[PDB]
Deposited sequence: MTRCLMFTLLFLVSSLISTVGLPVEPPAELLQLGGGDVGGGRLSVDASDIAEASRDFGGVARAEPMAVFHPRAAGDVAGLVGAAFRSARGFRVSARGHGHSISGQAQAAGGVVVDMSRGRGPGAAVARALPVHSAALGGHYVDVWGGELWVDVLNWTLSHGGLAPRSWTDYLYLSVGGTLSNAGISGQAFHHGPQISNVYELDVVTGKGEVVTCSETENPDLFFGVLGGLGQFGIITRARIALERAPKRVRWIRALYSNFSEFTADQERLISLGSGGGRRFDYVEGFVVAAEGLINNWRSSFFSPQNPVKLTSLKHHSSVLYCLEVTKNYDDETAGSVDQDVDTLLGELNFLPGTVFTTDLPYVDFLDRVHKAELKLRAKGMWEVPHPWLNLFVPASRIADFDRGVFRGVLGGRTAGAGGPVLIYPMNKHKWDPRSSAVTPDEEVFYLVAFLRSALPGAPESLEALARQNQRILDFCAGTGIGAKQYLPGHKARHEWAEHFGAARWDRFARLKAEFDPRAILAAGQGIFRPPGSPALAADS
């Protein structure tokens, strides 16, 4: 049912990603119509003499060629009939079956228009594929409470590296299910994901507050993510970002309170009660009220403004770290004040804590060995048409990694950009590496899938 393409625009797109550095060209791009077509192509790679590389491409948002299949085939998973949300009395809630290539923005619009339902856990950017985020984790300000998107999926259909279509969940083929979740595309291509849904809020009370004291900023973020664990008043989203003085450093706390027709009468009091317990700088509270879809789509709005200034399609040497909360204080003087002290085209530096117990330890996701850890995301872009800007940002990234290494911070890379075998063994640790290698031997022995990750 599917078709191979050698269109130069298709080859060019499959040869690049949002990072703008890795450029390994495939021989062709495969456009599937259904799961059987993907099984057909992977099965042919497995049976073939050479065993050509096959990688699925979501929206191409990888930073360092993770979706590239050098001299092989890139499966363009982008999109046909769609399954309606379903209620289950056994699960005690709703779910929706989605194609692996579906973008979260399209999932949201579908579930809202069919019962006013929505996924509970997001990414900051919705123009990402379901299969792509589920192969990593999928985090945003809801992860402290609902866990990442890999903690909000009931079942998958996976095309293994042998071209076999397998339905898997916690009860059926769990090794493949938990292996695939956070599995960096190593054990198969997700063709269907069964996403957990909740009754969507209608609106969002979106708040930002400034801090000059890092100890107060982190203590407040850590206090906020411990709320609702006892079932009470809490925010529905907890993020943060590092701000430069002009326009020495400030920390911005970013929170939301979700509401609908029922809770609209208690939203102002819930917000004031939660904010009264915090230590932000007086007079630095910025508030906005907008529809839920608009809050969730906030980064796409920033993107359209950047595309207008020719500032979107530039190199993105983005670095994402998970930092144990016990070492976050040291992280600030050495990195935010140290390494970054004194930038390129600019970009956010995100910072917020998450609860490890919301992450299933059976999945392939690698988190620090601590109950509370932070995402620290260095999302700086290089200047357009200025290669030296990319070089300076890459040296800053290596300085951050050397700082963590030299002070023994047990940080773990999110969307790991490792390429050496000893870096991967170190990343996973002995037990996880052993589980990872064994899963690879079982589901992708010829190392056909997602070879751009550079693990096998």
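Absence of C-alpha coordinates is noted for several segments of the deposited sequence, namely 1-39, 119-125, 294-318, 414-415, 530-541.
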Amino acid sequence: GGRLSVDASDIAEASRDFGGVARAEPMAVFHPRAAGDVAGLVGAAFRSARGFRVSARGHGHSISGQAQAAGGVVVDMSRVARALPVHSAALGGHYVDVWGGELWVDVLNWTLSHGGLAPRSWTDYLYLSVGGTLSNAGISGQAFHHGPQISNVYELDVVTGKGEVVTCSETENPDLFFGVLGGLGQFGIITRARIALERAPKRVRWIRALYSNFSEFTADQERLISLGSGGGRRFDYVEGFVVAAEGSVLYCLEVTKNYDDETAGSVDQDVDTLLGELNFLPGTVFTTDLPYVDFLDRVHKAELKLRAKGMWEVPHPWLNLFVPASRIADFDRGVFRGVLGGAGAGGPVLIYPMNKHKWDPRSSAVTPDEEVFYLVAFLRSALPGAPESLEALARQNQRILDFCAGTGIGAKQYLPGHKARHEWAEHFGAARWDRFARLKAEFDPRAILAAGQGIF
From here on, numbers count along this sequence of modelled residues.
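For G230, the fraction of other compared entries lacking coordinates, among those that model flanking residues, reaches at least a third.
Coordinates for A345 are absent from at least a third of the other compared entries of this protein that model residues on both sides of it. Taking the mean C-alpha B-factor of each stretch as recorded, 100-108 and 82-90 are not equal, and the higher mean is that of 82-90. In this entry, the higher average B-factor at the C-alpha atoms falls on 256-264, of the pair 256-264 and 351-359. Based on the entry's C-alpha B-factors, the most elevated value among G283, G182, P324, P317 belongs to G283. The residue among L227, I150, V366, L128 whose C-alpha atom has the highest B-factor in the PDB entry is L227.
Ranked within its chain, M27 lands in the highest third, by CA B factor from the PDB record.
Annotation for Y414: CA B-factor lies in the lowest third of the chain's modelled residues. Ranked against the other modelled residues of its chain, the C-alpha B-factor of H59 as given in the entry falls in the middle third. Ranked against the other modelled residues of its chain, the C-alpha B-factor of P119 as given in the entry falls in the lowest third. Among the modelled residues of its chain, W206 has a C-alpha B-factor that falls in the middle third according to the deposited record.
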